[PDB]
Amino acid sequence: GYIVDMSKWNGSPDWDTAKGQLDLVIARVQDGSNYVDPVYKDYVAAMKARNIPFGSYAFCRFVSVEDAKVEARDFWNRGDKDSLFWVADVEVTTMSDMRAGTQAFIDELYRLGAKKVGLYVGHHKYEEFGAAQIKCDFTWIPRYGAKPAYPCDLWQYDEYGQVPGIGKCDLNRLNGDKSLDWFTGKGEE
């Protein structure tokens, strides 16, 4: 199976086919407060029916600490409560003190009831945004063709993956000290 992040850019998957291909999906809820991803709810319905494990992500656009809290509350309310975890996707310097904004976003998710929150940080932004200082459950970093130079529990390694039932797809692999069971809650022995 693959660990795939998905959004409206993935169109209309053949979920019965994608089922046998998927370990875990992370689907996009929003890009900032004012763009709601229009396929998210449909994707979640399809994955629940098929018992495809999923978490949720939001692309962050916050310009201050208090604005980060609003954006996080939008993410939580628009996202499905059966999400296995919730990811802040921080790639653009939308306010100077990105560590403060990011931590406020994360903290609002926890206050709202989120149990597991992750940080996806853009390439080259790990040190810029003070990711080492962020308090959250896991980190996720892209680097194509090569292992990231920074620690991460999830590594996005290909933006041009091809997965049966989905087509062109962002592919991820575990890369840290968390197992797949840590994410899905499954267990086998």
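From 1 onward, residues are counted along the sequence shown.
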Ranked against its chain, the third holding the CA B-factor of residue 59: lowest
B-factor third for the C-alpha atom of residue 156 within its chain: middle
Third of the chain, ranked by Cα B-factor, where residue 28 sits: lowest
Assigned third (lowest, middle, highest) for the C-alpha B factor of residue 150: highest
Among modelled residues of the same chain, the CA temperature factor third for residue 92: highest
